[PDB]
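Accompanying notes for the structure given below.
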Amino acid sequence: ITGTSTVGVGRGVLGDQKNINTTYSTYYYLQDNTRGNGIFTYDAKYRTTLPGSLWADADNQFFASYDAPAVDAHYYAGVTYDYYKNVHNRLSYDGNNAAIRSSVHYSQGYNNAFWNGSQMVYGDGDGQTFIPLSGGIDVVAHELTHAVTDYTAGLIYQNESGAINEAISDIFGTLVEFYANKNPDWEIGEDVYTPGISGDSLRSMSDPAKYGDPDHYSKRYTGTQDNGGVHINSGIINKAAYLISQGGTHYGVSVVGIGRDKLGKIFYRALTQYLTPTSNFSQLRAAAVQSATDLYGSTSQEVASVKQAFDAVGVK
Ligand SMILES: CC(C)C[C@H](NC(=O)[C@@H](NP(=O)(O)CNC(=O)OCc1ccccc1)C(C)C)C(=O)O
Ligand SMILES: [Ca+2]
Ligand SMILES: [Ca+2]
Ligand SMILES: [Ca+2]
Ligand SMILES: [Ca+2]
Ligand SMILES: [Zn+2]
């Protein structure tokens, strides 16, 4: 919409107050003009036609319970934008500041979120398994990251390349959570998953087995569910990623941690310069080794740790 940039205030899904960038033109719209070619948040109004209506508000105050999911979708999209620009020098998901669009209140009781090829989509959850999913910064960065992947490596969404696609979104969803540095962890979706149960999450990168996901290649799922287990087999790469950053001894294999920042640089480089739509785990190991080599030299600790990590999850 054409208008003048403003700043609204409201409350997100977890009750936190935050400033949001809006645009004023009779109404205040959830349109942030301060980043790239804008960040736009839409109301799907509990239906499934997308994107729905650009979020319109009469007074630039977003404290209603109905406003909360939009507030967090809009704000965490901005945090994710900032991560890619400030940390990887990437402008929006396409690298050329494409407009970023999100819809909230999608469908009824919808226990998921996704990238539909053109925009992010967030259900409200059924209130038991989930609360509105945009309340999770890792979830928002996971989704936006699916866009980054689609514009870059293009990892096909099935079997091993699909588990890599998924791990990539969990890794950067996690790196963004640490970047915002509000209660960060190596867990996925803990802020919005099962309001009645403390301490659980969708997935764990540090111990995928905790929620039934493999942490070794010999435990990979090869059935047909979940597109060949893309949300299951991602645990093998997630673990490898957690190990590279934090170190550890896994099935007797010891890994010297190198830190999140180097983990993000190596995986960012693998994602945009070496992965292809059909890469498999073994090809991801080589991409990561070549990326660490590029950034830190073939004799660095970094390359050595990347090797240790893939050994540890049984990926050759
Ligand atoms: C929601 C969770 C219980 C499990 C899981 N979803 C997730 O882990 C994450 N959602 P996601 O983005 O991976 C769902 N992706 C997804 O459904 O992709 C299918 C698709 C949709 C539109 C166009 C092309 C392809 C998010 C919730 C962190 C799943 O879809 O299995
Ligand atoms: Ca209002
Ligand atoms: Ca957290
Ligand atoms: Ca998390
Ligand atoms: Ca919970
Ligand atoms: Zn995903």
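Starting from 1 in every chain, residues are counted up; chains themselves are A, B, ... following the order of the structure tokens, and ligands are numbered from 1 as listed.
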
May I have the residues within 9 Å of ligand 2, computed using only C-alpha atoms and all ligand atoms, as a VMD selection string?
chain A and resid 10 28 56 to 64 67

Atoms to include: N, CA and C atoms. Write the selected residues as a PDB file, in the first residue's frame.
ATOM      1  N   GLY A  10       2.167  -3.388  20.188  1.00  0.00           N
ATOM      2  CA  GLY A  10       1.190  -4.389  20.575  1.00  0.00           C
ATOM      3  C   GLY A  10       1.824  -5.453  21.460  1.00  0.00           C
ATOM      4  N   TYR A  28      -3.897   1.759   9.726  1.00  0.00           N
ATOM      5  CA  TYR A  28      -2.502   1.348   9.882  1.00  0.00           C
ATOM      6  C   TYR A  28      -2.383  -0.099   9.408  1.00  0.00           C
ATOM      7  N   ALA A  56      -5.070  -4.598   8.518  1.00  0.00           N
ATOM      8  CA  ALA A  56      -5.555  -3.245   8.703  1.00  0.00           C
ATOM      9  C   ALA A  56      -6.051  -2.992  10.122  1.00  0.00           C
ATOM     10  N   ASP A  57      -5.583  -1.903  10.717  1.00  0.00           N
ATOM     11  CA  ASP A  57      -5.942  -1.623  12.105  1.00  0.00           C
ATOM     12  C   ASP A  57      -6.230  -0.138  12.251  1.00  0.00           C
ATOM     13  N   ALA A  58      -7.253   0.202  13.034  1.00  0.00           N
ATOM     14  CA  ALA A  58      -7.672   1.600  13.062  1.00  0.00           C
ATOM     15  C   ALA A  58      -6.728   2.498  13.842  1.00  0.00           C
ATOM     16  N   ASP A  59      -6.069   2.024  14.899  1.00  0.00           N
ATOM     17  CA  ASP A  59      -5.334   2.969  15.750  1.00  0.00           C
ATOM     18  C   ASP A  59      -3.866   2.642  15.937  1.00  0.00           C
ATOM     19  N   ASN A  60      -3.328   1.673  15.203  1.00  0.00           N
ATOM     20  CA  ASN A  60      -1.905   1.350  15.327  1.00  0.00           C
ATOM     21  C   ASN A  60      -1.542   0.708  16.667  1.00  0.00           C
ATOM     22  N   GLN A  61      -2.528   0.268  17.431  1.00  0.00           N
ATOM     23  CA  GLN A  61      -2.361  -0.465  18.677  1.00  0.00           C
ATOM     24  C   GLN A  61      -2.805  -1.915  18.485  1.00  0.00           C
ATOM     25  N   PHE A  62      -1.933  -2.870  18.776  1.00  0.00           N
ATOM     26  CA  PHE A  62      -2.264  -4.256  18.460  1.00  0.00           C
ATOM     27  C   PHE A  62      -2.278  -5.126  19.704  1.00  0.00           C
ATOM     28  N   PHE A  63      -3.140  -4.770  20.659  1.00  0.00           N
ATOM     29  CA  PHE A  63      -3.176  -5.515  21.912  1.00  0.00           C
ATOM     30  C   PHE A  63      -4.324  -6.498  22.013  1.00  0.00           C
ATOM     31  N   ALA A  64      -5.125  -6.647  20.964  1.00  0.00           N
ATOM     32  CA  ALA A  64      -6.223  -7.611  21.039  1.00  0.00           C
ATOM     33  C   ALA A  64      -5.688  -9.030  20.879  1.00  0.00           C
ATOM     34  N   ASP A  67      -4.951 -10.003  17.508  1.00  0.00           N
ATOM     35  CA  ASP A  67      -3.827  -9.342  16.860  1.00  0.00           C
ATOM     36  C   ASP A  67      -2.498 -10.054  17.081  1.00  0.00           C
TER      37      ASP A  67
END

Would you mind listing what lies within 9 Å of residue 37 in chain A as a ChimeraX atom specification, with only C-alpha atoms counted and same-chain residues fewer than 3 positions away left out?
/A:32-34,92,96-100

Limited to N, CA, C and O atoms, could you put the picked residues into a file as a short mmCIF file (atom, residue, chain, number, x, y, z; two decimals), in the first residue's frame?
data_model
loop_
_atom_site.label_atom_id
_atom_site.label_comp_id
_atom_site.auth_asym_id
_atom_site.auth_seq_id
_atom_site.Cartn_x
_atom_site.Cartn_y
_atom_site.Cartn_z
N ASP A 32 5.89 -3.20 6.76
CA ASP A 32 7.16 -2.61 7.21
C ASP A 32 7.92 -2.13 5.99
O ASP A 32 8.29 -2.94 5.14
N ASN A 33 8.12 -0.82 5.89
CA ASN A 33 8.85 -0.30 4.73
C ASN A 33 10.34 -0.14 5.03
O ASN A 33 11.10 0.29 4.15
N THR A 34 10.76 -0.47 6.25
CA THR A 34 12.15 -0.23 6.64
C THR A 34 13.09 -1.34 6.20
O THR A 34 14.31 -1.20 6.34
N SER A 92 16.87 -10.21 1.81
CA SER A 92 15.66 -11.02 1.70
C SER A 92 15.94 -12.42 1.17
O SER A 92 17.07 -12.86 0.95
N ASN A 96 17.58 -10.27 -3.46
CA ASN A 96 17.38 -8.97 -4.13
C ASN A 96 16.22 -8.23 -3.47
O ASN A 96 15.49 -7.47 -4.10
N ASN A 97 16.04 -8.46 -2.17
CA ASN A 97 15.04 -7.76 -1.38
C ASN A 97 13.61 -8.00 -1.86
O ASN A 97 12.79 -7.09 -1.86
N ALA A 98 13.29 -9.23 -2.26
CA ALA A 98 11.89 -9.52 -2.56
C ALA A 98 11.00 -9.17 -1.38
O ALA A 98 11.40 -9.32 -0.22
N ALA A 99 9.78 -8.70 -1.62
CA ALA A 99 8.83 -8.48 -0.53
C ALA A 99 8.57 -9.79 0.21
O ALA A 99 8.46 -10.86 -0.39
N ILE A 100 8.47 -9.68 1.52
CA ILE A 100 8.24 -10.87 2.35
C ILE A 100 6.81 -10.84 2.84
O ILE A 100 6.37 -9.87 3.47
#

Counting only C-alpha atoms and all ligand atoms, which residues of chain A fall within 8 Å of ligand 1, and what is the closest atom pair for each with its distance in Å at one decimal, ordered by chain and rising number, as a Markdown table?
| residue | atom | partner | partner_atom_place_in_ligand_line | distance |
| --- | --- | --- | --- | --- |
| A:111 | CA | ligand 1 | 1 (C) | 5.8 |
| A:112 | CA | ligand 1 | 1 (C) | 4.0 |
| A:113 | CA | ligand 1 | 10 (N) | 4.8 |
| A:114 | CA | ligand 1 | 12 (O) | 3.7 |
| A:115 | CA | ligand 1 | 22 (C) | 5.7 |
| A:116 | CA | ligand 1 | 22 (C) | 3.9 |
| A:117 | CA | ligand 1 | 23 (C) | 5.6 |
| A:133 | CA | ligand 1 | 27 (C) | 7.2 |
| A:138 | CA | ligand 1 | 28 (C) | 7.3 |
| A:139 | CA | ligand 1 | 28 (C) | 4.7 |
| A:140 | CA | ligand 1 | 28 (C) | 7.8 |
| A:142 | CA | ligand 1 | 28 (C) | 6.1 |
| A:143 | CA | ligand 1 | 12 (O) | 5.3 |
| A:146 | CA | ligand 1 | 12 (O) | 7.0 |
| A:157 | CA | ligand 1 | 25 (C) | 7.3 |
| A:166 | CA | ligand 1 | 13 (O) | 6.3 |
| A:169 | CA | ligand 1 | 13 (O) | 7.9 |
| A:170 | CA | ligand 1 | 28 (C) | 7.4 |
| A:188 | CA | ligand 1 | 28 (C) | 6.6 |
| A:189 | CA | ligand 1 | 28 (C) | 6.1 |
| A:202 | CA | ligand 1 | 3 (C) | 6.4 |
| A:203 | CA | ligand 1 | 8 (O) | 7.9 |
| A:226 | CA | ligand 1 | 31 (O) | 6.4 |
| A:231 | CA | ligand 1 | 31 (O) | 5.9 |

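Picture a line from CA of residue 38 in chain A to CA of residue 14 in chain A; it runs 25.0 Å.
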
Mind giving me the straight-line distance from CA of residue 224 in chain A to CA of residue 274 in chain A in Å, one decimal?
27.3 Å

Using DSSP assignments from the backbone, pull out every residue in range 7-127 of chain A that falls under strand (DSSP E or B) and give it to me as a PDB file with C-alpha atoms, in the first residue's frame.
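Result went into part-v9.pdb, see below:
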ATOM      1  CA  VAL A   7       5.461   2.601  14.346  1.00  0.00           C
ATOM      2  CA  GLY A   8       2.737   0.642  16.094  1.00  0.00           C
ATOM      3  CA  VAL A   9       2.837  -1.190  19.421  1.00  0.00           C
ATOM      4  CA  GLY A  10       1.190  -4.389  20.575  1.00  0.00           C
ATOM      5  CA  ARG A  11       1.526  -7.768  22.243  1.00  0.00           C
ATOM      6  CA  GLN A  17       4.976  -6.046  24.141  1.00  0.00           C
ATOM      7  CA  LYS A  18       6.904  -4.928  21.055  1.00  0.00           C
ATOM      8  CA  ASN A  19       7.119  -2.116  18.506  1.00  0.00           C
ATOM      9  CA  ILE A  20       6.128  -2.952  14.913  1.00  0.00           C
ATOM     10  CA  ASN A  21       6.717  -1.133  11.641  1.00  0.00           C
ATOM     11  CA  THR A  22       3.412  -0.227  10.015  1.00  0.00           C
ATOM     12  CA  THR A  23       2.206   1.958   7.144  1.00  0.00           C
ATOM     13  CA  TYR A  24      -0.456   4.621   7.446  1.00  0.00           C
ATOM     14  CA  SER A  25      -3.134   5.205   4.810  1.00  0.00           C
ATOM     15  CA  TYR A  27      -5.792   2.547   8.409  1.00  0.00           C
ATOM     16  CA  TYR A  28      -2.502   1.348   9.882  1.00  0.00           C
ATOM     17  CA  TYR A  29      -1.348  -1.631   7.839  1.00  0.00           C
ATOM     18  CA  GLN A  31       3.549  -3.265   6.205  1.00  0.00           C
ATOM     19  CA  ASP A  32       7.158  -2.615   7.210  1.00  0.00           C
ATOM     20  CA  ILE A  39       7.368  -6.998   4.975  1.00  0.00           C
ATOM     21  CA  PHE A  40       3.609  -7.594   4.634  1.00  0.00           C
ATOM     22  CA  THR A  41       1.361  -9.500   7.038  1.00  0.00           C
ATOM     23  CA  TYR A  42      -2.101 -10.674   6.067  1.00  0.00           C
ATOM     24  CA  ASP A  43      -5.245 -11.910   7.816  1.00  0.00           C
ATOM     25  CA  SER A  53      -6.263  -9.218   3.404  1.00  0.00           C
ATOM     26  CA  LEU A  54      -3.331  -6.969   4.259  1.00  0.00           C
ATOM     27  CA  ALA A  56      -5.555  -3.245   8.703  1.00  0.00           C
ATOM     28  CA  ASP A  57      -5.942  -1.623  12.105  1.00  0.00           C
ATOM     29  CA  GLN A  61      -2.361  -0.465  18.677  1.00  0.00           C
ATOM     30  CA  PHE A  62      -2.264  -4.256  18.460  1.00  0.00           C
ATOM     31  CA  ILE A 100       8.245 -10.866   2.349  1.00  0.00           C
ATOM     32  CA  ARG A 101       4.653 -11.881   2.928  1.00  0.00           C
ATOM     33  CA  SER A 102       3.031 -13.820   5.795  1.00  0.00           C
ATOM     34  CA  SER A 103      -0.572 -14.843   6.472  1.00  0.00           C
ATOM     35  CA  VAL A 104      -1.867 -15.677   9.987  1.00  0.00           C
ATOM     36  CA  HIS A 105      -5.157 -17.157  11.288  1.00  0.00           C
ATOM     37  CA  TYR A 106      -4.899 -19.718   8.491  1.00  0.00           C
ATOM     38  CA  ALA A 113       3.029 -23.477   9.382  1.00  0.00           C
ATOM     39  CA  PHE A 114       4.600 -23.519   5.911  1.00  0.00           C
ATOM     40  CA  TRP A 115       6.025 -21.753   2.873  1.00  0.00           C
ATOM     41  CA  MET A 120       4.674 -17.872   4.776  1.00  0.00           C
ATOM     42  CA  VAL A 121       1.554 -19.395   6.336  1.00  0.00           C
ATOM     43  CA  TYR A 122       0.755 -19.829  10.019  1.00  0.00           C
ATOM     44  CA  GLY A 123      -2.093 -21.673  11.655  1.00  0.00           C
TER      45      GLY A 123
END
